[PDB]
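Structure, as structure tokens:
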Amino acid sequence: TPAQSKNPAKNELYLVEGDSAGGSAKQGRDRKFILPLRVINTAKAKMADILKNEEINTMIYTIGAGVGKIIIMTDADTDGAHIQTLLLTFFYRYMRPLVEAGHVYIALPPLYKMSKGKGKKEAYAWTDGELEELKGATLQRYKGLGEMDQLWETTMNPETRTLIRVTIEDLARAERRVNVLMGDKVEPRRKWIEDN
Amino acid sequence: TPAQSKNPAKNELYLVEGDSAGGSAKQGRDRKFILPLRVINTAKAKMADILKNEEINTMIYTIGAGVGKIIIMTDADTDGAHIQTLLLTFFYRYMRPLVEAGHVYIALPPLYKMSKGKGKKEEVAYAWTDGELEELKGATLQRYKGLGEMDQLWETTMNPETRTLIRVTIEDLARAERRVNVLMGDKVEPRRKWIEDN
Amino acid sequence: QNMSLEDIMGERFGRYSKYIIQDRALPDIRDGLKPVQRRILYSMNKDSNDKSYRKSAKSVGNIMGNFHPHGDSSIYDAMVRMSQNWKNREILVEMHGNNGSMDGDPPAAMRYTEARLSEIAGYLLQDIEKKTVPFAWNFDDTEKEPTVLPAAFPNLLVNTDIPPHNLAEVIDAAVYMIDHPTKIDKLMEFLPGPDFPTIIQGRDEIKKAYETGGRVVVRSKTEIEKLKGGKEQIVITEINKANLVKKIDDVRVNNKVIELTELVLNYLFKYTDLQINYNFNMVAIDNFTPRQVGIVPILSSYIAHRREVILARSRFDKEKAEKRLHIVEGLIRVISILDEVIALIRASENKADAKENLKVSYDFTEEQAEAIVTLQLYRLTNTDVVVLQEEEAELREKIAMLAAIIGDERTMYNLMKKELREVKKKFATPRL
Amino acid sequence: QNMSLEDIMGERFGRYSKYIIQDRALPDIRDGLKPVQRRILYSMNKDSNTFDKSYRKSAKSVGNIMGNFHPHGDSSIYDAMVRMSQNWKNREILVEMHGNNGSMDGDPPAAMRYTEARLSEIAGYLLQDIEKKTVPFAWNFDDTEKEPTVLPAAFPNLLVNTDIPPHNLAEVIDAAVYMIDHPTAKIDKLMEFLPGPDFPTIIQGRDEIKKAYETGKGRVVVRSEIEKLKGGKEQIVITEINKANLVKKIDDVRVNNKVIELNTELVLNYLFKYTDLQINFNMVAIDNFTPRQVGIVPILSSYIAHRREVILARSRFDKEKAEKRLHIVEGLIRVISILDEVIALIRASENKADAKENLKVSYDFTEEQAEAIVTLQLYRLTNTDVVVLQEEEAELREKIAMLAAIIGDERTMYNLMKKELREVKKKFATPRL
DNA sequence: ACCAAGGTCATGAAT
DNA sequence: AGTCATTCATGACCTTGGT
DNA sequence: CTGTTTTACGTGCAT
DNA sequence: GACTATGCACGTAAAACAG
Ligand SMILES: N[C@@H]1CCN(c2c(F)cc3c(=O)c(C(=O)O)cn(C4CC4)c3c2Cl)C1
Ligand SMILES: N[C@@H]1CCN(c2c(F)cc3c(=O)c(C(=O)O)cn(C4CC4)c3c2Cl)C1
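What follows is the structure in structure tokens.
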């Protein structure tokens, strides 16, 4: 199901959202020296439960390691978060070094884009402050890891906008990431949302 | 996958088009004293091929008989034809008596329907939107899209086939000749050729 | 380069914040709708859907591409729901064939279904017409969107879980609350409890629940009769007839306890889930944030928040009247000098030079001059000689009337009563 | 009751007729489009989605195609649509999408949830004159809107896209010209402009194409370089077929070794005709509102005559609209003369209706004459039109003569159609291949 | 085979 | 055109838990 | 192990 | 949001046919 490979030199194994993205990546692989993801909340069930998950297990299949540059592309979809959230938790509570090393991290998709001239052809990563640098012409807005050849504007350059994870985590953070994601016991979560 | 049953008294086993219809029938069974169909061209492959078809096979499962009132509802879709065509051919080249008896035949869906008065109900219906349609401005007309849309469903359902068709009636021989000129698919040359009355 | 790095103490806090604030698209205490609703009810409106049945793919499509980023069958799937009269009180959209069985009945894709907006349904969208509710931009920034329809029908307590009721109890109360703002004991008199489309035990319980924001009980519509030949026959006609139809037959497979003692039915009814139910955990979003409410808060926030809705109705409409009466009051006065102006405009030069040049003859305004300069040669019939005259006091009366609704705290309510009473008829839910 | 019965000698004849007449929704010799196309290209139009404007989603565009002009189900509709996105399947893509069109390889495109697209420039061509009563137009199925029965099409999409082999707008117009000014034309001289069909993705069978062009059927051939790899070895690899089964067919050859930067070049000759690495033209569609087989000369044939009725309609209306304009003008001018009397006449006249009638006097003006006068709107009582309108009488009158000329002149007519078709050969101007 | 902590299943709206 | 898996709470309803 | 008829595989637009 | 089968033709590139 992945998108082939080559040499274990710099590793490189990107995870995309939904067969559409992972399709747009696989055919657009302007940078594969891919694997669709349709992800359980690690800390949410039995370890046996978790191995029974095609999603978890798949990720364990590709690249061996086992419980003893792997980048993840989401979108912008607040829905696109929750899918960053689990991945990272599923790379934490399991495959600790993977991140602890920091070889495997999380991608920064694009946002607003400008384009003018009908038939005369002619991007940005924060449609907030960064957007102001860019009437007469025309603007845009990014819907998701959908839409986007282009695709390898985030693709071709070695992660022109990539994010390195876990950097100096440390302890007492495990405390928090099992306050939020995991899904403690209700009371904690309703409660972390006193800064929202 | 069928829609249950009861007593073998009057048989009764309707075949609808697509899980939507067969759904609209099954829940609307204002008349089940059902089975979705997603049908090969019988005379088109090996008899072994044919038994390998979930479609053919299913039909053979429900109601035993084997190669040794089962009504079929289509639509109006010219596409809805081709799906009458095979069924009948698949009830012919196999299960000859089934039709030859004539217990199992083919249904006549509705066409145009009139309805007026916003919130005052008052509807109608008709089976030929040609001549029959003229018997029906001020109000509003309609047109039937398929065995889709249609409670109502049992306007063709509840009454014992208020518009049903009895098949095969005095077929006879030399007709097998023709039904293996058209449907089966013959060898190209025959089919291009039956379409000299079209 | 390799861009920066960041804590997963960092990344998994800020991400999951985004996703939690998107847990604030829950049913507003006011509209009583969850956005992927509000959007769907308004896409239907905008498009004008009285009129004939519209397909789906088109109506969804349009919902799912001018007002809702997400994918399609989140959009429509939901839609359908609003078709199911055995899930809501007043279905906010009427489809036809095949909505869905009380039993496991997969409804048909957008390929087949066809539906359109419902009468009751209007209620809630019955005054977006003017600058009623407060209104924002699209996501594509293409059209603009309402942030919670203004809603006549208190869909919130008539449909975080909120138990069905009946427009009838709901308006009847709603009235009481108005003229008597400040006990839940007297207020339960109008709504003894929540109505389900498909008898409830737990009086004491509902009673406390209405302020507490609890657990009730639910019993099935099955009676008793005597079958032929001298035997028993006791059978049945927001639960699910799917797992109930089988739970009986399951009881019968083991015989460990239906026209086949009556104490046995009492034991089966509380075991086979044949009369389980229910829960009432009233909870939604108020003040643009998540809170739990009760029977009194709901009517509460809705009465005040509807109050701002009726007042806006005044704000504009009055605005539109004033604007009208000043064009009139203008247009009349014209008649006097109809002959001079019809001569003034001829000589004036270009169009622009003409309205200016209407400095003389009168002290008329731009908006004044406009209509005069666009008065279109037909209407040089002075039919308006006496008529317009009548207008000055016509549009002027409505001008006083609406402005009255703005100053009068007591008269305001009387409007909201007349109206709510009105739906209780037009719509008028039967009891249950 | 049990209603009537009927022969399966009876029922299976009349049913399968219906279904066979629905086998007559095949690509018209003219528009060069199959209905579930024509519908899709016009739904896009009606909705204003030209190359110009911004990308429209899908579900909405399909939705709208699939519910005001196409009964059938959704992904028949769009699925098709996509196709028109694939520039490696057509010559001039009639719709430009973005963001997973489809790989040369097994690449499932994404549902209507994701894709977004809009009409293409070239694409306009074919819809570039529905504007007026160009092509002949019918009702909806729902009888809601109305539909075109085959777009009028500048670009001969039929021979540039029952199977019909791609070509190039350039060969196709170049010929198309020849045919006009020289109707009766051998296929030998006409192949001079189109040596054969162009595929977006070199063909062998000269003799064969040559006969195929009149025969309406036949078989041609299709061919897919060499270099020396470092260290002294061989390196000969590749960059309307399918790169899906070709990419594997090589590797399959290599698994059995029974015959690629990897020692004779004759081996590649043997693999190229075995592995399908370098593996027809059966021209056939619908003419006169019925199914026939055509050739290279019939196609241009029916399209030249059937385009000819297209250019003549363009005249029919536009001229019609001019006349209508010049008579309102010719009216409105004449008004100026008695502007003072009429501006007095209309005042006293009573109701609006009584006013236009009452314009029996002062002039012998007509209803349509009277109308505009009575709706002339008080701004325009600026007599700016004093001299101007005067100029109009000969302006709109010139266009009136011009268009009527296109209607009488058989030779001048063609010259229009040449100028235009030449025009697309530029604007569009397909490179050779 | 007792009664108890654990494990499941269903439900809209999103992927 | 129905198939298939899960988040995200929150319950009442069915699994093992031990001897 | 040869050459033969028979068999399956693919492709757009529909269910 | 990608799985899964079929008609409809027309190619021809792969199984099975005999001793
Ligand atoms: N395994 C199964 C056999 C039945 N089936 C179906 C089915 F049942 C329904 C549809 C369908 O409604 C549809 C559309 O109009 O929206 C398009 N397609 C095709 C483009 C995919 C359908 C298919 Cl393949 C395949
Ligand atoms: N592991 C699982 C199997 C099920 N599933 C999917 C999936 F992949 C995508 C969608 C989907 O896009 C969608 C929509 O809004 O259009 C709606 N639904 C649900 C209403 C049916 C989806 C489902 Cl269930 C994948």
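Quick mapping for you: the protein sequence lines, in order, are chains A, B, C and D. Going by the numbering used here, the first sequence opens with residue 276, and the numbers climb by one from there. Going by the numbering used here, the second sequence opens with residue 1388, and the numbers climb by one from there. Going by the numbering used here, the third sequence opens with residue 163, and the numbers climb by one from there. Going by the numbering used here, the fourth sequence opens with residue 2, and the numbers climb by one from there. C-beta atoms are modelled at their ideal positions from N, C-alpha and C, and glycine is treated no differently.
Starting from the beta carbon of residue i, find every residue of chain A whose beta carbon is closer than 8 Å, and list them in chain order.
{"i": "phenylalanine 52 of chain D", "result": "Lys393, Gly394"}
Starting from the beta carbon of residue i, find every residue of chain B whose beta carbon is closer than 7 Å, and list them in chain order.
{"i": "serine 18 of chain D", "result": "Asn1585"}
Compare the Cα-Cα distances from residue i to each of the options and report the closest residue.
{"i": "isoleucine 337 of chain D", "options": "D:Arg84, D:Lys187, D:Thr383", "result": "D:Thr383"}
{"i": "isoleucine 381 of chain A", "options": "C:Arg177, C:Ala219, C:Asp234", "result": "C:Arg177"}
{"i": "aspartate 182 of chain D", "options": "D:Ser350, D:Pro72, D:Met414", "result": "D:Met414"}
{"i": "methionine 578 of chain C", "options": "C:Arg475, C:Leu520, C:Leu550, C:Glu484", "result": "C:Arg475"}
{"i": "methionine 98 of chain D", "options": "D:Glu117, D:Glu411, D:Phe273, D:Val260", "result": "D:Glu117"}
{"i": "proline 28 of chain D", "options": "D:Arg293, D:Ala345, D:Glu394, D:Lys229", "result": "D:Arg293"}
{"i": "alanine 590 of chain C", "options": "C:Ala404, C:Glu481, C:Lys393, C:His327", "result": "C:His327"}
{"i": "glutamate 7 of chain D", "options": "B:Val1567, B:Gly1415, B:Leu1495", "result": "B:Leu1495"}
Would you mind telling me which residues of chain A sit closer than 7 Å to residue i, beta carbon to beta carbon, in chain order?
{"i": "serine 59 of chain D", "result": "Within chain A, no residue comes near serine 59 of chain D; the closest Cβ sits about 11 Å away, beyond 7 Å."}
{"i": "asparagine 101 of chain D", "result": "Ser295, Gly298, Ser299"}
Closer than 7 Å: is that where the CB of residue i sits relative to any heavy atom of ligand 4?
{"i": "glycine 223 of chain C", "result": "This structure simply doesn't include ligand 4; it includes ligand 1 and ligand 2 instead."}
At 9 Å on the CB atoms, spell out the chain C contacts of residue i, in chain order.
{"i": "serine 350 of chain D", "result": "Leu542, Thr543"}
{"i": "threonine 376 of chain D", "result": "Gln538, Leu539, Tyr540"}
{"i": "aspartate 1406 of chain B", "result": "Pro268, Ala270"}
{"i": "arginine 114 of chain D", "result": "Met226, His232, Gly233, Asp234, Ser235"}
{"i": "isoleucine 347 of chain D", "result": "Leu539, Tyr540, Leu542, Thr543"}
{"i": "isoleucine 337 of chain D", "result": "Within chain C, no residue comes near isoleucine 337 of chain D; the closest Cβ sits about 11 Å away, beyond 9 Å."}
Give the DSSP bridge partners of residue i, in chain order.
{"i": "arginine 119 of chain D", "result": "D:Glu97"}
{"i": "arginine 224 of chain D", "result": "DSSP lists no partner for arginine 224 of chain D."}
{"i": "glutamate 394 of chain C", "result": "C:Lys388"}
{"i": "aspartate 29 of chain D", "result": "D:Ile287"}
{"i": "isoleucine 334 of chain D", "result": "Partner(s): none; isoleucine 334 of chain D has no beta bridge."}
{"i": "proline 149 of chain D", "result": "D:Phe138"}
{"i": "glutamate 1510 of chain B", "result": "B:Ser1502"}
Residues of chain D with CB under 8 Å from residue i, in chain order?
{"i": "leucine 1570 of chain B", "result": "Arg13, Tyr17"}
Which chain C residues sit within Cβ distance under 8 Å of residue i?
{"i": "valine 63 of chain D", "result": "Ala219, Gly223"}
{"i": "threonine 276 of chain A", "result": "Chain C residues near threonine 276 of chain A: none, gap ~22 Å exceeds 8 Å."}
Which residues of chain B have a Cβ atom closer than 9 Å to the Cβ of residue i, listed in chain order?
{"i": "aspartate 8 of chain D", "result": "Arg1554, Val1555, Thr1556, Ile1557, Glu1558, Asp1559, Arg1562"}
{"i": "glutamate 276 of chain C", "result": "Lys1532, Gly1535, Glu1536"}
Residues of chain D with CB closer than 7 Å to the CB of residue i, please, in chain order.
{"i": "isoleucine 1447 of chain B", "result": "Within 7 Å Cβ-Cβ: nothing; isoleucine 1447 of chain B doesn't reach chain D, min ~20 Å."}
{"i": "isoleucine 1457 of chain B", "result": "By Cβ distance, chain D contributes nothing, its closest Cβ being about 14 Å from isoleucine 1457 of chain B, past 7 Å."}
{"i": "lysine 580 of chain C", "result": "Under the 7 Å cutoff, chain D gives no residues; its nearest Cβ is about 39 Å from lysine 580 of chain C."}
### Task
Pick out the complete beta strand (DSSP E) segments inside the region 288-325 of chain A, 3 residues or longer, and give them in chain order.
Fully enclosed beta strand (DSSP E) runs of 3 or longer: 290-292, 310-312.
### 4 or more residues per run - each alpha helix (DSSP H) lying fully within the region 339-377 of chain C
Here the runs fully enclosed are 346-349, 365-374.
### Query
Going along the chain, which residues of the region 403-434 of chain A sit with their C-beta nearer than 9 Å to a C-beta in chain C?
From the region 403-434 of chain A, only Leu414, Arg416, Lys418, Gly419, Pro433, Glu434 have a Cβ closer than 9 Å to chain C.
### Message
Suppose only complete runs of 3+ residues qualify. What are the beta strand (DSSP E) ranges in the region 266-327 of chain D, listed by chain order?
### Response
Entirely contained in the region 266-327 of chain D, not one beta strand (DSSP E) run reaches 3 residues.
### Message
Please identify, using Cβ separations under 8 Å, the residues of the region 313-330 of chain A that lie next to chain C, in order along the chain.
### Response
The residues in question: there are none.
### Query
In the region 353-383 of chain A, which residues sit with their C-beta less than 8 Å from some C-beta in chain C, listed in chain order?
Taken in chain order, the members of the region 353-383 of chain A whose beta-carbon sits within less than 8 Å of a beta-carbon on chain C are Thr353, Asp354, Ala356, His357, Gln359, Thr360, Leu363, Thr364, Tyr367, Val374, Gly377, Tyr380, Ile381, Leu383.
### Query
Of all the residues that make up the region 357-370 of chain D, which are near chain A by a beta-carbon distance shorter than 7 Å?
For the region 357-370 of chain D, which is checked against every Cβ of chain A, not one residue is closer than 7 Å.
### Query
Which residues, in chain order, does the region 1407-1419 of chain B contribute to contact with chain C at a C-beta distance below 7 Å?
Residues passing the 7 Å Cβ filter: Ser1407, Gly1410, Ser1411, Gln1414.
#### Entry: Residues in the region 544-557 of chain C having any Cβ partner in chain B nearer than 9 Å
Answer set for the region 544-557 of chain C: empty.
#### Entry: Interface positions of the region 180-193 of chain C facing chain A (Cβ-Cβ less than 8 Å), listed along the chain
Residues passing the 8 Å Cβ filter: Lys180, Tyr181, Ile182, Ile183, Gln184.
### Query
Taking any Cβ of chain B, which residues in the region 398-414 of chain C have a Cβ under 9 Å from it, in chain order?
Among the residues of the region 398-414 of chain C, none has a Cβ less than 9 Å away from any Cβ of chain B.
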